[PDB]
């Protein structure tokens, strides 16, 4: 059974399915191959499940009266959680979203193939299923195979040691949990478990949590971990398990300690999926363990494109989707299609961190003289009505023309400011534009206007 198409997309994740949909809507014959389930990591074992379990944990924290309910005059009595049912609810959401994706692919004229794909050459792929074996030819090959968790060499995945995947579908809650990695995945999940009554410890090699973000921005997250009772082991590397199932931890000076645990989450990073499916035959230029690409997602081989996590950092769903749309547009012969100067991100810890564009340090590294100003939520009315006064909002702008080049915010319930950050950046707003924009009262968003004005005050 020999087949042919114009665009062959390997991987049914955000990058892949969004790319295929747009392609189909543009009239490009397209075939999408997916070994597991449509939606990839993002829907099945990443974004949605984590955000779903974060909602359960926040809801359980509040029910327990651990989110300051007493101060409001609400005297509570201990609730109970059936984690299996929490996970089943989360799975229901994932079910509804996958079908929606599947139906959207159908409506766009894309033919989905359920199978494991092996690349034979730049314009030929073998798709293997339960007994099937078809060979598909193509004009364009779009690689969007994503990524997988990085396994610690001294402590592999199995038994008590798990990845984010199993952490998102627990059958039971453990008494003690040790998390390796104070990145956004390890902390988001670490906090989920802590709010659910689990004794949680985090092990990070860097001098502080969330090393990818600057110091000022992370401080309110550190404080929160302190109040929540999460034990932090900063400047410590994991050497492996001992006989009693405890995690051996080594400090900078050399002296070691062991943290007991009946469950260990390793969240040290993510590795691009480039091995095991004949990608060797193409011999594509590499950028670390990821496929090298130019700013239009083209690889070193003509008509072989790469998007999403398989094309490196930043490993975000919206970035993969935006990249996929750009590729579909190019194949359809459309010009003027560029990736934006700034990609927003939200880290769903408590408090949350939201960023778009440059931080003050990123602005100095790029050789641009910039001023910045922040406004604390401690002086924002809305924040006080929500009992969420920690954190702040920061604006970053060029000193010469006041063009905004970055936004950062840390606080509870600040995630939805992300849209204001990326849209203002996409429009090229200046401090004066924001300073002059009337913001609804009372809102957390008012802090954006105040930050801009404060930057114009000590300008």
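Numbering follows the first chain given and starts at 1.
On mean C-alpha B-factor from the PDB entry, just flag whether 251-259 or 102-110 is the higher one. Result: 251-259.
Given the B-factors recorded for C-alpha atoms, which segment has the greater mean, 112-120 or 217-225? Comparing 217-225 with 112-120, the higher average CA B-factor belongs to 112-120.
Please pick out which of 134, 189, 210, 328 has the largest Cα B-factor as recorded in the entry. Spelled out: the listed residue with the top C-alpha B-factor is 134.
Hey, out of 92, 376, 351, 245, whose CA B-factor is highest in the deposited coordinates? Among 92, 376, 351, 245, the PDB entry lists the largest C-alpha B-factor for 245.
Mind checking which third residue 36 falls in for C-alpha B-factor across the chain? It falls in the top third of the chain.
Within this chain's modelled residues, let me know which third the CA B factor of residue 205 belongs to: lowest, middle or highest. CA B-factor rank for residue 205: highest third.
Looking at the C-alpha B-factor of residue 185, is it in the lowest, middle or highest third of its chain? According to the entry, residue 185 has a C-alpha B-factor in the chain's lowest third.
Which third of the chain does residue 7 land in by C-alpha B-factor: lowest, middle or highest? Middle third by C-alpha B-factor.
Name the third of the chain's ranked CA B-factors that contains residue 167, choosing lowest, middle or highest. Middle third of the chain for residue 167's C-alpha B-factor.
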